[PDB]
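Undergrad: Sharing a structure here in C-alpha coordinates format.
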Amino acid sequence: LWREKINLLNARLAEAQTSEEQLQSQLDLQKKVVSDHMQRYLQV
Amino acid sequence: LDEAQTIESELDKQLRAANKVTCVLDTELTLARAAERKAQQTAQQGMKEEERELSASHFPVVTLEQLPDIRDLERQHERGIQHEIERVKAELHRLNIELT
Amino acid sequence: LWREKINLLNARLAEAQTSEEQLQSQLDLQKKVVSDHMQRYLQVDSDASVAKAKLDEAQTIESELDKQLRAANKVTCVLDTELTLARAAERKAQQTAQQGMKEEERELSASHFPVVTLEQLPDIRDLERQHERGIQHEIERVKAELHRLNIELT
(Lines give C-alpha, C1' and ligand atoms only; values in the text may rest on other atoms or scores of the structure.)
Protein backbone atom coordinates (compact mmCIF):
# COMPACT_ATOMS: atom_id res chain seq x y z
CA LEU A 1 0.00 0.00 0.00
CA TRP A 2 2.92 2.36 0.63
CA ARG A 3 4.26 1.63 -2.85
CA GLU A 4 0.78 2.33 -4.24
CA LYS A 5 0.64 5.56 -2.22
CA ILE A 6 4.07 6.51 -3.59
CA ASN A 7 2.82 6.00 -7.15
CA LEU A 8 -0.34 8.03 -6.51
CA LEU A 9 1.68 10.84 -4.94
CA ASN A 10 4.02 10.74 -7.94
CA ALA A 11 1.06 11.22 -10.27
CA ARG A 12 -0.29 14.10 -8.17
CA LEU A 13 3.18 15.65 -8.01
CA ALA A 14 3.45 15.44 -11.80
CA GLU A 15 0.11 17.25 -12.11
CA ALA A 16 1.27 19.94 -9.67
CA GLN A 17 4.57 20.32 -11.54
CA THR A 18 2.72 20.74 -14.84
CA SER A 19 0.59 23.47 -13.24
CA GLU A 20 3.74 25.12 -11.89
CA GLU A 21 5.34 25.05 -15.34
CA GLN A 22 2.21 26.60 -16.86
CA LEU A 23 2.26 29.42 -14.30
CA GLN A 24 6.00 29.93 -14.87
CA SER A 25 5.37 30.21 -18.61
CA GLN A 26 2.61 32.76 -17.95
CA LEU A 27 4.95 34.82 -15.76
CA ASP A 28 7.65 34.69 -18.44
CA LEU A 29 5.02 35.79 -20.98
CA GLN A 30 4.18 38.80 -18.81
CA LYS A 31 7.89 39.64 -18.58
CA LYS A 32 8.11 39.35 -22.38
CA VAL A 33 5.14 41.73 -22.60
CA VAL A 34 7.07 44.21 -20.45
CA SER A 35 10.07 43.83 -22.76
CA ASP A 36 7.89 44.27 -25.85
CA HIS A 37 6.41 47.46 -24.43
CA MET A 38 9.82 48.92 -23.70
CA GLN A 39 10.96 48.04 -27.21
CA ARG A 40 7.88 49.79 -28.58
CA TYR A 41 8.88 52.88 -26.58
CA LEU A 42 12.10 52.95 -28.64
CA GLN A 43 10.94 51.52 -31.98
CA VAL A 44 8.91 54.65 -32.81
CA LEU B 1 4.74 48.57 -18.88
CA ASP B 2 3.43 49.54 -15.45
CA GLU B 3 0.29 47.45 -15.98
CA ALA B 4 2.26 44.36 -17.03
CA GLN B 5 4.56 44.77 -14.04
CA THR B 6 1.44 44.85 -11.85
CA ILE B 7 0.04 41.70 -13.48
CA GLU B 8 3.44 40.01 -13.17
CA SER B 9 3.07 40.08 -9.38
CA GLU B 10 -0.26 38.22 -9.42
CA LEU B 11 1.02 35.44 -11.68
CA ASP B 12 4.01 35.22 -9.34
CA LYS B 13 1.68 34.69 -6.36
CA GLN B 14 -0.22 31.96 -8.21
CA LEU B 15 3.09 30.33 -9.14
CA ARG B 16 4.07 30.45 -5.46
CA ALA B 17 0.80 28.71 -4.57
CA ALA B 18 1.56 26.03 -7.17
CA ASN B 19 5.04 25.64 -5.67
CA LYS B 20 3.44 25.21 -2.24
CA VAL B 21 1.22 22.44 -3.60
CA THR B 22 4.23 20.77 -5.24
CA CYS B 23 6.23 20.94 -2.00
CA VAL B 24 3.34 19.50 0.02
CA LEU B 25 3.12 16.59 -2.41
CA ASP B 26 6.90 16.10 -2.28
CA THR B 27 6.88 15.98 1.54
CA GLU B 28 4.05 13.44 1.40
CA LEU B 29 6.09 11.39 -1.08
CA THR B 30 9.17 11.44 1.16
CA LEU B 31 7.16 10.32 4.19
CA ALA B 32 5.54 7.59 2.08
CA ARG B 33 8.98 6.42 0.93
CA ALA B 34 10.26 6.17 4.50
CA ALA B 35 7.17 4.27 5.67
CA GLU B 36 7.42 2.04 2.59
CA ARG B 37 11.00 1.13 3.47
CA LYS B 38 10.05 0.33 7.06
CA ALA B 39 7.03 -1.78 6.09
CA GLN B 40 9.23 -3.51 3.51
CA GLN B 41 11.83 -4.56 6.07
CA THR B 42 9.03 -5.68 8.40
CA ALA B 43 7.45 -7.58 5.50
CA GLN B 44 10.71 -9.21 4.38
CA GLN B 45 10.30 -11.87 7.08
CA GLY B 46 7.68 -13.17 4.68
CA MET B 47 5.40 -16.19 4.76
CA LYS B 48 5.31 -19.69 3.40
CA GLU B 49 2.28 -20.50 1.26
CA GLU B 50 0.34 -22.12 4.11
CA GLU B 51 1.29 -19.21 6.38
CA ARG B 52 -0.17 -16.76 3.86
CA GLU B 53 -3.31 -18.87 3.50
CA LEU B 54 -3.68 -18.96 7.29
CA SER B 55 -3.18 -15.21 7.69
CA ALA B 56 -5.59 -14.41 4.85
CA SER B 57 -8.41 -16.65 6.10
CA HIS B 58 -9.06 -14.42 9.15
CA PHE B 59 -7.28 -11.12 8.58
CA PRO B 60 -9.06 -8.39 6.59
CA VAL B 61 -7.86 -6.40 3.61
CA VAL B 62 -6.50 -2.89 4.23
CA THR B 63 -7.53 0.19 2.25
CA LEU B 64 -4.92 2.58 0.87
CA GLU B 65 -6.11 5.80 2.52
CA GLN B 66 -6.08 4.19 5.98
CA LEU B 67 -2.53 2.98 5.36
CA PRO B 68 -0.96 4.86 8.31
CA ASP B 69 -4.04 3.81 10.27
CA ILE B 70 -3.05 0.18 9.57
CA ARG B 71 -1.01 0.32 12.79
CA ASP B 72 -3.75 1.32 15.24
CA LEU B 73 -6.21 -0.92 13.38
CA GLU B 74 -3.63 -3.71 13.57
CA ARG B 75 -3.55 -3.14 17.32
CA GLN B 76 -7.35 -3.38 17.38
CA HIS B 77 -7.22 -6.67 15.48
CA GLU B 78 -4.50 -7.89 17.84
CA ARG B 79 -6.73 -6.95 20.78
CA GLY B 80 -9.65 -8.91 19.36
CA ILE B 81 -7.41 -11.94 18.81
CA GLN B 82 -5.97 -11.49 22.30
CA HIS B 83 -9.43 -11.34 23.88
CA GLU B 84 -10.48 -14.54 22.11
CA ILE B 85 -7.20 -16.26 23.04
CA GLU B 86 -7.68 -15.10 26.63
CA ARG B 87 -11.16 -16.62 26.69
CA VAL B 88 -9.83 -19.91 25.34
CA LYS B 89 -6.97 -19.80 27.86
CA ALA B 90 -9.47 -19.24 30.68
CA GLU B 91 -11.40 -22.26 29.42
CA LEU B 92 -8.17 -24.29 29.45
CA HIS B 93 -7.53 -22.94 32.94
CA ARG B 94 -10.92 -24.02 34.30
CA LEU B 95 -10.51 -27.37 32.56
CA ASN B 96 -7.16 -27.93 34.28
CA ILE B 97 -8.83 -27.12 37.61
CA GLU B 98 -11.54 -29.69 36.88
CA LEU B 99 -8.93 -32.20 35.71
CA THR B 100 -6.91 -31.94 38.91
CA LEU C 1 5.07 16.78 23.36
CA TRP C 2 2.84 17.60 20.38
CA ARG C 3 2.02 21.00 21.89
CA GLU C 4 5.75 21.55 22.31
CA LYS C 5 6.25 20.37 18.72
CA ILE C 6 3.61 22.86 17.56
CA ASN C 7 5.43 25.69 19.34
CA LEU C 8 8.87 24.65 18.07
CA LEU C 9 7.56 24.21 14.52
CA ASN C 10 5.95 27.65 14.74
CA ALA C 11 9.34 29.09 15.74
CA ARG C 12 11.16 27.25 12.94
CA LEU C 13 8.49 28.27 10.42
CA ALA C 14 8.89 31.88 11.54
CA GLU C 15 12.65 31.63 11.01
CA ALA C 16 12.14 30.12 7.56
CA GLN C 17 9.63 32.86 6.72
CA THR C 18 12.12 35.51 7.84
CA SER C 19 14.69 33.99 5.48
CA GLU C 20 12.01 33.96 2.78
CA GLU C 21 11.26 37.63 3.44
CA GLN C 22 14.95 38.52 3.16
CA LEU C 23 15.14 36.65 -0.15
CA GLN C 24 11.98 38.48 -1.25
CA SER C 25 13.61 41.82 -0.43
CA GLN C 26 16.70 40.81 -2.40
CA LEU C 27 14.49 39.76 -5.32
CA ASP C 28 12.70 43.11 -5.23
CA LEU C 29 16.04 44.94 -5.16
CA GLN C 30 17.19 42.93 -8.17
CA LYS C 31 13.93 43.84 -9.91
CA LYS C 32 14.65 47.50 -9.13
CA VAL C 33 18.11 47.10 -10.67
CA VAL C 34 16.43 45.44 -13.66
CA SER C 35 14.12 48.44 -13.98
CA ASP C 36 17.09 50.81 -13.70
CA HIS C 37 18.97 49.08 -16.53
CA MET C 38 15.65 48.89 -18.41
CA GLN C 39 15.20 52.67 -18.18
CA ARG C 40 18.74 53.39 -19.41
CA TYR C 41 17.87 51.52 -22.61
CA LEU C 42 14.77 53.71 -22.95
CA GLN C 43 16.66 56.98 -22.50
CA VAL C 44 20.06 56.61 -24.18
CA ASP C 45 29.28 48.35 -27.53
CA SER C 46 27.13 51.48 -27.64
CA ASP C 47 25.33 52.78 -24.56
CA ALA C 48 22.08 51.10 -25.62
CA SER C 49 23.86 47.77 -26.11
CA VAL C 50 25.51 48.03 -22.69
CA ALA C 51 22.15 48.86 -21.11
CA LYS C 52 20.57 45.85 -22.82
CA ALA C 53 23.37 43.51 -21.72
CA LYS C 54 23.23 44.71 -18.12
CA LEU C 55 19.43 44.42 -18.21
CA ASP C 56 19.81 40.79 -19.27
CA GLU C 57 22.37 40.17 -16.51
CA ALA C 58 20.09 41.79 -13.92
CA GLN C 59 17.19 39.63 -15.12
CA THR C 60 19.37 36.52 -14.80
CA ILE C 61 20.30 37.48 -11.24
CA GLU C 62 16.62 38.19 -10.55
CA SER C 63 15.68 34.70 -11.76
CA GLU C 64 18.42 33.16 -9.61
CA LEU C 65 17.14 35.07 -6.57
CA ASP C 66 13.59 33.95 -7.40
CA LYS C 67 14.74 30.32 -7.48
CA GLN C 68 16.44 30.79 -4.11
CA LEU C 69 13.20 32.30 -2.82
CA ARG C 70 11.40 29.21 -4.14
CA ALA C 71 13.81 27.00 -2.20
CA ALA C 72 13.04 29.05 0.91
CA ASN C 73 9.35 28.61 0.09
CA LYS C 74 9.90 24.84 -0.05
CA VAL C 75 11.53 24.96 3.39
CA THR C 76 8.61 27.02 4.71
CA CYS C 77 6.07 24.63 3.18
CA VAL C 78 7.82 21.58 4.65
CA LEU C 79 7.76 23.22 8.08
CA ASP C 80 4.10 24.21 7.65
CA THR C 81 3.08 20.68 6.64
CA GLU C 82 4.96 19.32 9.65
CA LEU C 83 3.14 21.87 11.83
CA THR C 84 -0.24 20.80 10.43
CA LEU C 85 0.53 17.13 11.06
CA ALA C 86 1.69 18.04 14.57
CA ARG C 87 -1.55 19.95 15.16
CA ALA C 88 -3.62 16.95 14.07
CA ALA C 89 -1.62 14.56 16.26
CA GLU C 90 -1.84 17.03 19.15
CA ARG C 91 -5.62 17.21 18.90
CA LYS C 92 -5.79 13.41 18.74
CA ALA C 93 -3.58 12.94 21.81
CA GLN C 94 -5.51 15.72 23.55
CA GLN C 95 -8.85 13.99 23.03
CA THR C 96 -7.23 10.77 24.23
CA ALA C 97 -5.84 12.69 27.21
CA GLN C 98 -9.13 14.49 27.87
CA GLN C 99 -10.64 11.31 29.32
CA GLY C 100 -8.55 12.32 32.33
CA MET C 101 -6.28 10.79 34.95
CA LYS C 102 -6.32 11.29 38.69
CA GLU C 103 -3.29 12.82 40.39
CA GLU C 104 -2.44 9.51 42.07
CA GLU C 105 -2.67 7.67 38.75
CA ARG C 106 -0.46 10.31 37.13
CA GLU C 107 2.12 9.99 39.90
CA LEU C 108 2.22 6.19 39.65
CA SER C 109 2.45 6.31 35.85
CA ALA C 110 5.27 8.85 35.99
CA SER C 111 7.25 6.94 38.62
CA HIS C 112 6.74 3.71 36.67
CA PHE C 113 7.07 5.03 33.11
CA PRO C 114 9.63 7.20 31.28
CA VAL C 115 9.20 10.18 28.97
CA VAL C 116 11.13 11.06 25.82
CA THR C 117 12.46 14.36 24.51
CA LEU C 118 10.58 16.41 21.93
CA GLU C 119 12.66 15.60 18.85
CA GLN C 120 12.40 11.88 19.70
CA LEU C 121 8.61 12.18 20.03
CA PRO C 122 8.07 9.41 17.42
CA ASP C 123 10.29 7.23 19.60
CA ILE C 124 7.99 7.75 22.61
CA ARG C 125 5.13 5.99 20.81
CA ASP C 126 7.37 3.02 20.06
CA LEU C 127 8.36 3.00 23.74
CA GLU C 128 4.64 2.92 24.54
CA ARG C 129 4.36 -0.31 22.54
CA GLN C 130 7.46 -1.78 24.19
CA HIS C 131 6.19 -0.88 27.67
CA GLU C 132 2.85 -2.47 26.76
CA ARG C 133 4.68 -5.63 25.70
CA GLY C 134 6.71 -5.81 28.90
CA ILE C 135 3.81 -5.01 31.21
CA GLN C 136 1.60 -7.60 29.51
CA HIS C 137 4.39 -10.18 29.76
CA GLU C 138 4.70 -9.55 33.50
CA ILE C 139 0.90 -9.62 33.84
CA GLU C 140 0.71 -13.04 32.21
CA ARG C 141 3.61 -14.29 34.35
CA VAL C 142 1.87 -13.21 37.55
CA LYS C 143 -1.40 -14.71 36.28
CA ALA C 144 0.39 -18.01 35.67
CA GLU C 145 1.76 -17.90 39.21
CA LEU C 146 -1.74 -17.10 40.48
CA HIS C 147 -3.10 -20.19 38.74
CA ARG C 148 -0.24 -22.29 40.09
CA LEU C 149 -1.24 -21.15 43.57
CA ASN C 150 -4.87 -21.93 42.69
CA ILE C 151 -3.90 -25.46 41.63
CA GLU C 152 -1.93 -25.99 44.84
CA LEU C 153 -4.99 -24.69 46.68
CA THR C 154 -7.16 -27.18 44.78
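Each chain in the C-alpha coordinates gets a letter, A, B, ..., in the order shown, and its residues are numbered from 1; ligands are numbered from 1 in order too.
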Counting only C-alpha atoms, which residues from chain B have an atom at most 12 Å from any atom of chain A, and could you show them as an MDAnalysis selection string?
TA: chainID B and resid 1:40 43 61:70
Undergrad: With a distance threshold of 7 Å and counting only C-alpha atoms, extract the residues of chain C near chain B and express them as a ChimeraX atom specification.
TA: /C:74,77-78,81,151
Undergrad: Mind checking which residues fall within 12 Å of residue 29 (chain C), counting only C-alpha atoms, ignoring those fewer than 3 positions away in the same chain, and posting them as a PyMOL selection string?
TA: chain C and resi 22-26+32-36+58-59+61-62+65-66
Undergrad: Would you compute the distance between CA of residue 135 (chain C) and CA of residue 105 (chain C)? Give it in Å to one decimal.
TA: 16.1 Å
Undergrad: Write out as a list in words each polymer residue whose atoms come within 7 Å of residue 2 (chain C), counting only C-alpha atoms; drop sequence neighbours fewer than 4 positions from it.
TA: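 Counting only the stated atoms, we get residues 6, 86, 89 and 90 of chain C.
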Undergrad: Write out the residues from the selection above, keeping N, CA and C atoms, as a CSV table (one decimal), in the first residue's frame.
TA:
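Once everything was written out, this is part.csv:
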chain,number,residue,atom,x,y,z
C,6,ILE,N,4.3,21.8,18.2
C,6,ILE,CA,3.6,22.9,17.6
C,6,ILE,C,4.3,24.2,17.8
C,86,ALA,N,1.5,18.0,13.1
C,86,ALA,CA,1.7,18.0,14.6
C,86,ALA,C,0.4,18.5,15.2
C,89,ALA,N,-2.0,15.5,15.2
C,89,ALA,CA,-1.6,14.6,16.3
C,89,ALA,C,-1.8,15.1,17.7
C,90,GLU,N,-1.6,16.4,17.8
C,90,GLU,CA,-1.8,17.0,19.1
C,90,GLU,C,-3.3,17.0,19.5
